[PDB]
Amino acid sequence: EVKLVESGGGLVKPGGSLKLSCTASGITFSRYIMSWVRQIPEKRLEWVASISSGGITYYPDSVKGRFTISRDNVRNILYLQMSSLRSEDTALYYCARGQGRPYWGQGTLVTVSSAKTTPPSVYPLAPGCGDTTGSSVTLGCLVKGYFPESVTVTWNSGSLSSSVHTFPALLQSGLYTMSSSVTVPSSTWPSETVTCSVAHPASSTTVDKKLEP
Amino acid sequence: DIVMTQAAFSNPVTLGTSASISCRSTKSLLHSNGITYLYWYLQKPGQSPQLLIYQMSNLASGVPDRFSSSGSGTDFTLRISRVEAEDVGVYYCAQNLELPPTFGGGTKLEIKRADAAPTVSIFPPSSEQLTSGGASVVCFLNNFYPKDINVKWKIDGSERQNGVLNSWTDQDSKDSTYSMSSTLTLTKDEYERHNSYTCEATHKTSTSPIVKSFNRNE
Ligand SMILES: O=C(O)CCCC(=O)Nc1ccc(/C=C/c2ccccc2)cc1
């Protein structure tokens, strides 16, 4: 099996420092040019740093002097030490074996902010106008007031992606709001349970709502 | 640096037909070892970038043989035979010939399908929200095609724009439609001073809008 796994991400104050790590199964870092690259909301990937097999290090002038890439050849660990962090360094960071057939991990999120990790409020979206609802029923959950991204909304342990829609989060005076809808036949619900499960790993919170008529 | 250039958008493709995405590089990616160090990856919302092809023509793991890539050292094309709904996303070319690593700006693949009106659903503020003095009224406008749509809010029959925020999905990986959430957020006090709330959706499908509504005192 072959995979890279980044770790270390989280919230850091402007001007602060943070160190990311990357481990691997099946890739021996010392043999390769290993890199870090980051993904910022609007943009294609951005290169952050590389280290050759011989230990020579390479940086774009955008981070040179602030970021340091290193490798522990023996334990097979790749590191990115970041200092003097700026809001613009906010990104998902990936380690990569870019030569040949490129490999990269799932990424680790670094958020540079003076704001505080805040859990969501979760509100059920169930029909309530008149007591009529069609052949198929649309239900939802409104996930309000959380920071940072992201949240995951899972319907019935994922069994229902029965037209699940996940709407992108919108920022509003410091906090995020998103929503998620699901559509089921009216024969199924409310005669059977539909639950939205909202995970916010950053605030160590999960909230489940059973939607009710 | 080796600059990789690709268009933001491609011709919309009907399911079951071919798509072609072009890219080019300022320097030949053909190495003296005879390998061309072009790779392609796919980005979809909610998941990690996925490698498709590497060394110009070699399929990566898990990638079906409807994907192929060809080119010279400087001009390349990714082809998808028999496009499927799940292929929608943004396709990037990039080079791994030399440092610095460089990447193309991505080309969005858009699927062409039959027109579909939106399914419109309206929801009053949950009691739970009102208990904290907030009032969000939510309208989903779901599974429509094509992507252009407009939403309008009426409170006691009178247009309301302020306090409305909209969010749009990317094209659905199952049915190639688009969806929208529209939320009208008000204080609990202003919510409770009005009775009729309405969502109305205008879409090329119909010259008349789909309107959904409730009366708060019910
Ligand atoms: O062998 C040489 O001299 C050249 C090697 C240059 C190299 O490593 N390039 C290189 C470095 C990093 C990447 C990373 C790509 C990537 C793509 C998607 C997600 C995350 C990472 C891709 C390419």
# chains A, B, ... in the order shown; residues from 1 in each chain; ligands from 1

call {"tool": "residues_near_ligand", "arguments": {"ligand": "ligand 1", "cutoff": "7 Å", "atoms": "only C-alpha atoms and all ligand atoms", "output": "list in words"}}
result
residues 33, 34, 35, 36, 37, 45, 94, 95, 96, 97, 98, 99, 102 and 104 of chain A; 41, 49, 95, 96, 97, 98, 99, 100 and 101 of chain B

call {"tool": "write_last_selection", "arguments": {"atoms": "N, CA and C atoms", "output": "mmCIF file, in the first residue's frame"}}
result
data_model
loop_
_atom_site.group_PDB
_atom_site.id
_atom_site.type_symbol
_atom_site.label_atom_id
_atom_site.label_comp_id
_atom_site.auth_asym_id
_atom_site.auth_seq_id
_atom_site.Cartn_x
_atom_site.Cartn_y
_atom_site.Cartn_z
ATOM 1 N N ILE A 33 12.976 14.025 -4.464
ATOM 2 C CA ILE A 33 12.687 15.430 -4.201
ATOM 3 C C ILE A 33 11.309 15.399 -3.581
ATOM 4 N N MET A 34 11.200 15.785 -2.325
ATOM 5 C CA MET A 34 9.907 15.879 -1.632
ATOM 6 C C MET A 34 9.449 17.316 -1.507
ATOM 7 N N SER A 35 8.131 17.524 -1.624
ATOM 8 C CA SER A 35 7.638 18.881 -1.661
ATOM 9 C C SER A 35 6.447 19.108 -0.767
ATOM 10 N N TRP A 36 6.229 20.388 -0.466
ATOM 11 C CA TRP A 36 4.981 20.866 0.091
ATOM 12 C C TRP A 36 4.353 21.820 -0.912
ATOM 13 N N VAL A 37 3.042 21.675 -1.088
ATOM 14 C CA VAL A 37 2.231 22.560 -1.935
ATOM 15 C C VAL A 37 0.904 22.814 -1.228
ATOM 16 N N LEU A 45 -3.138 24.945 -7.416
ATOM 17 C CA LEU A 45 -2.133 24.683 -6.417
ATOM 18 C C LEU A 45 -0.969 25.707 -6.438
ATOM 19 N N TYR A 94 -0.355 20.160 1.455
ATOM 20 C CA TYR A 94 -0.130 18.801 1.008
ATOM 21 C C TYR A 94 1.357 18.519 0.939
ATOM 22 N N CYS A 95 1.774 17.352 1.413
ATOM 23 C CA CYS A 95 3.100 16.853 1.067
ATOM 24 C C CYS A 95 2.951 16.023 -0.211
ATOM 25 N N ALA A 96 4.016 16.008 -0.988
ATOM 26 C CA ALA A 96 4.004 15.330 -2.282
ATOM 27 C C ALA A 96 5.321 14.737 -2.703
ATOM 28 N N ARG A 97 5.232 13.530 -3.242
ATOM 29 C CA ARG A 97 6.352 12.897 -3.989
ATOM 30 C C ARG A 97 6.039 13.222 -5.428
ATOM 31 N N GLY A 98 6.552 14.353 -5.921
ATOM 32 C CA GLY A 98 6.103 14.784 -7.247
ATOM 33 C C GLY A 98 6.749 14.140 -8.468
ATOM 34 N N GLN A 99 7.878 13.435 -8.302
ATOM 35 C CA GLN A 99 8.599 12.869 -9.426
ATOM 36 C C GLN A 99 7.874 11.638 -9.959
ATOM 37 N N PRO A 102 3.191 11.173 -9.554
ATOM 38 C CA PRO A 102 3.096 11.941 -8.328
ATOM 39 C C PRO A 102 2.130 11.322 -7.303
ATOM 40 N N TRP A 104 0.397 12.376 -3.401
ATOM 41 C CA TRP A 104 0.160 13.395 -2.380
ATOM 42 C C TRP A 104 -0.852 12.875 -1.363
ATOM 43 N N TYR B 41 -4.660 15.847 -13.358
ATOM 44 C CA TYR B 41 -5.428 15.533 -12.134
ATOM 45 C C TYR B 41 -6.799 16.190 -12.169
ATOM 46 N N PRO B 49 -7.787 16.219 -4.654
ATOM 47 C CA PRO B 49 -7.393 16.059 -6.075
ATOM 48 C C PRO B 49 -7.008 14.612 -6.369
ATOM 49 N N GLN B 95 3.176 19.972 -14.829
ATOM 50 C CA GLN B 95 4.438 19.384 -15.235
ATOM 51 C C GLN B 95 5.298 18.940 -14.050
ATOM 52 N N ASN B 96 5.942 17.784 -14.232
ATOM 53 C CA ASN B 96 6.902 17.329 -13.228
ATOM 54 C C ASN B 96 8.259 17.028 -13.864
ATOM 55 N N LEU B 97 8.612 17.876 -14.833
ATOM 56 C CA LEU B 97 9.930 17.768 -15.474
ATOM 57 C C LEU B 97 11.007 18.433 -14.608
ATOM 58 N N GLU B 98 10.664 19.567 -14.022
ATOM 59 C CA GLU B 98 11.654 20.365 -13.297
ATOM 60 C C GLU B 98 11.058 21.225 -12.240
ATOM 61 N N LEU B 99 11.891 21.666 -11.301
ATOM 62 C CA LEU B 99 11.461 22.704 -10.363
ATOM 63 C C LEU B 99 11.592 24.054 -11.004
ATOM 64 N N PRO B 100 10.808 25.012 -10.552
ATOM 65 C CA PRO B 100 9.671 24.893 -9.642
ATOM 66 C C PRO B 100 8.489 24.128 -10.234
ATOM 67 N N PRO B 101 7.754 23.368 -9.409
ATOM 68 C CA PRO B 101 6.544 22.755 -9.905
ATOM 69 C C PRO B 101 5.571 23.823 -10.320
#

call {"tool": "select_by_dssp", "arguments": {"residues": "chain A", "states": "helix (DSSP H, G or I)", "output": "list in words"}}
result
residues 29, 30, 31, 87, 88, 89, 156, 157, 158, 201, 202 and 203 of chain A

call {"tool": "write_last_selection", "arguments": {"atoms": "N, CA and C atoms", "output": "compact mmCIF listing (two decimals), in the first residue's frame"}}
result
# COMPACT_ATOMS: atom_id res chain seq x y z
N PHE A 29 11.29 8.69 1.70
CA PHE A 29 11.50 10.10 1.40
C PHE A 29 12.91 10.48 0.97
N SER A 30 13.90 9.84 1.58
CA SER A 30 15.27 10.19 1.30
C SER A 30 15.69 10.04 -0.15
N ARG A 31 14.96 9.27 -0.94
CA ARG A 31 15.33 8.96 -2.31
C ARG A 31 14.82 10.01 -3.30
N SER A 87 -2.29 35.77 7.32
CA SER A 87 -3.59 35.34 6.85
C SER A 87 -3.51 34.70 5.43
N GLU A 88 -2.65 35.22 4.56
CA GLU A 88 -2.50 34.68 3.22
C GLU A 88 -1.90 33.24 3.14
N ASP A 89 -1.27 32.78 4.22
CA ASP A 89 -0.79 31.41 4.32
C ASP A 89 -1.90 30.42 4.66
N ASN A 156 -28.43 9.87 7.42
CA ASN A 156 -28.59 8.45 7.78
C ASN A 156 -27.35 7.56 7.58
N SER A 157 -26.24 7.99 8.18
CA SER A 157 -24.94 7.29 8.08
C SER A 157 -24.48 7.15 6.63
N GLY A 158 -24.83 8.13 5.80
CA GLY A 158 -24.48 8.14 4.39
C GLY A 158 -25.39 7.31 3.49
N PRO A 201 -15.10 18.66 13.25
CA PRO A 201 -13.90 18.17 13.90
C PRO A 201 -13.09 19.26 14.62
N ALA A 202 -13.04 20.46 14.04
CA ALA A 202 -12.24 21.54 14.61
C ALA A 202 -12.70 21.95 16.01
N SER A 203 -14.01 21.95 16.25
CA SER A 203 -14.54 22.28 17.58
C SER A 203 -14.86 21.03 18.42

call {"tool": "select_by_dssp", "arguments": {"residues": "chain B", "states": "strand (DSSP E or B)", "output": "ChimeraX atom specification"}}
result
/B:4-5,9,13-14,19-25,30,36,38-43,50-54,58-59,67-71,75-80,89-95,102-103,107-109,111-112,116,119-123,134-145,149-155,158-160,164-168,178-187,196-203,206-215

call {"tool": "interface_residues", "arguments": {"of": "chain B", "to": "chain A", "cutoff": "8 Å", "atoms": "only C-alpha atoms", "output": "JSON, numbers by chain"}}
result
{"B": [37, 48, 51, 54, 55, 60, 96, 97, 100, 101, 102, 103, 104, 105, 106, 121, 122, 123, 124, 126, 128, 129, 140, 167, 168, 169, 179, 180, 181, 213, 214, 215, 216, 218]}

call {"tool": "residues_around", "arguments": {"residues": "residue 65 in chain A", "least_positions_apart": "6", "cutoff": "10 Å", "atoms": "only C-alpha atoms", "output": "number ranges by chain"}}
result
A: 59, 82-84

call {"tool": "write_last_selection", "arguments": {"atoms": "C-alpha atoms", "output": "compact mmCIF listing (two decimals), in the first residue's frame"}}
result
# COMPACT_ATOMS: atom_id res chain seq x y z
CA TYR A 59 11.53 27.86 -1.80
CA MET A 82 6.29 27.80 9.30
CA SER A 83 6.96 31.12 11.08
CA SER A 84 5.77 34.73 10.84

call {"tool": "atom_distance", "arguments": {"atom1": "CA of residue 18 in chain B", "atom2": "CA of residue 149 in chain B"}}
result
27.6 Å

call {"tool": "closest_residue", "arguments": {"among": "A:108, A:191, A:73, A:118", "to": "residue 7 in chain A", "atoms": "only C-alpha atoms"}}
result
A:108

call {"tool": "residues_around", "arguments": {"residues": "residue 201 in chain B", "least_positions_apart": "4", "cutoff": "8 Å", "atoms": "only C-alpha atoms", "output": "count of residues only"}}
result
10

call {"tool": "residues_around", "arguments": {"residues": "range 8-23 of chain A", "least_positions_apart": "5", "cutoff": "6 Å", "atoms": "only C-alpha atoms", "output": "count of residues only"}}
result
17

call {"tool": "atom_distance", "arguments": {"atom1": "CA of residue 22 in chain B", "atom2": "CA of residue 57 in chain B"}}
result
14.1 Å

call {"tool": "closest_residue", "arguments": {"among": "B:27, B:160, B:154, B:174", "to": "residue 195 in chain B", "atoms": "only C-alpha atoms"}}
result
B:154

call {"tool": "closest_residue", "arguments": {"among": "A:194, A:207, A:143, A:160", "to": "residue 138 in chain B", "atoms": "only C-alpha atoms"}}
result
A:143

call {"tool": "residues_around", "arguments": {"residues": "residue 171 in chain B", "least_positions_apart": "5", "cutoff": "9 Å", "atoms": "only C-alpha atoms", "output": "VMD selection string"}}
result
chain B and resid 88 to 89 110 to 111 147 176 to 179

call {"tool": "write_last_selection", "arguments": {"atoms": "C-alpha atoms", "output": "PDB file, in the first residue's frame"}}
result
ATOM      1  CA  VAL B  88     -17.793  16.454 -13.961  1.00  0.00           C
ATOM      2  CA  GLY B  89     -15.114  18.541 -12.230  1.00  0.00           C
ATOM      3  CA  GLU B 110     -19.666  20.764 -18.012  1.00  0.00           C
ATOM      4  CA  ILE B 111     -22.233  18.203 -18.999  1.00  0.00           C
ATOM      5  CA  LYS B 147     -27.633  26.622 -14.280  1.00  0.00           C
ATOM      6  CA  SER B 176     -25.861  16.723 -13.944  1.00  0.00           C
ATOM      7  CA  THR B 177     -28.246  19.326 -12.530  1.00  0.00           C
ATOM      8  CA  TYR B 178     -27.612  22.409 -10.388  1.00  0.00           C
ATOM      9  CA  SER B 179     -29.063  23.455  -7.039  1.00  0.00           C
TER      10      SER B 179
END

call {"tool": "residues_around", "arguments": {"residues": "residue 67 in chain B", "least_positions_apart": "3", "cutoff": "8 Å", "atoms": "only C-alpha atoms", "output": "ChimeraX atom specification"}}
result
/B:52,59,63-64,78-81

call {"tool": "write_last_selection", "arguments": {"atoms": "C-alpha atoms", "output": "PDB file, in the first residue's frame"}}
result
ATOM      1  CA  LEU B  52      -5.614  10.702 -13.696  1.00  0.00           C
ATOM      2  CA  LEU B  59      -3.228   5.896 -16.510  1.00  0.00           C
ATOM      3  CA  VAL B  63      -8.704   5.410 -13.684  1.00  0.00           C
ATOM      4  CA  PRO B  64     -10.849   3.860 -16.445  1.00  0.00           C
ATOM      5  CA  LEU B  78      -6.796  14.902 -22.529  1.00  0.00           C
ATOM      6  CA  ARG B  79      -9.668  13.012 -24.096  1.00  0.00           C
ATOM      7  CA  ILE B  80     -12.590  11.365 -22.362  1.00  0.00           C
ATOM      8  CA  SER B  81     -14.521   8.879 -24.463  1.00  0.00           C
TER       9      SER B  81
END

call {"tool": "atom_distance", "arguments": {"atom1": "CA of residue 15 in chain B", "atom2": "CA of residue 82 in chain B"}}
result
6.8 Å
